[PDB]
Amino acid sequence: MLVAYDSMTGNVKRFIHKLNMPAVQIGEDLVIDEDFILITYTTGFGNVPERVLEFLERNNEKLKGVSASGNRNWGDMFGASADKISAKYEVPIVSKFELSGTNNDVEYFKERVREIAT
């Protein structure tokens, strides 16, 4: 499955490169015409980044699941971008991981996406 992602300081980008799955960085101009999983980071106080919000305003039809990178210092706001997107668009939260993730976070994401893709 295609992974769409956004990264501001490189942590989600690093995670993407550990997955070895088809992936595309989201942009203002991007239209995704096939099923995809979104990986986002969390910004502000528990929020979805603006670039991800504007992309999802336009591309949510094919969204099948969302993961968030985040930081457990944020307590109940940890990965809350994924909670928001999941609730709004009624798609599963695939996973939450800290920063660029661990090897287990990588395998877990892949195994959960293989499930959702069936």
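Position 1 is the first residue in the sequence shown; the rest follow in order.
query: Looking at the deposited entry, does 31-39 or 61-69 carry the larger mean Cα B-factor?
result: The stretch with the larger average C-alpha B-factor is 31-39.
- request: May I ask you to compare 19-27 and 92-100 by their mean CA B factor in the entry and name the higher one?
  value: Higher mean C-alpha B-factor: 19-27.
- request: Could you tell me which third, lowest, middle or highest, the C-alpha B-factor of residue 48 occupies within its chain?
  value: Answer is lowest: the recorded C-alpha B-factor places it there.
message: Please place residue 56 in the lowest, middle or highest third of its chain according to the CA B-factor in the PDB entry.
response: Middle third.
Lowest, middle or highest third - CA B-factor, residue 85: Lowest third.
query: Sorting the chain's CA B-factors, does residue 8 end up in the lowest, middle or highest third?
result: According to the entry, residue 8 has a C-alpha B-factor in the chain's lowest third.
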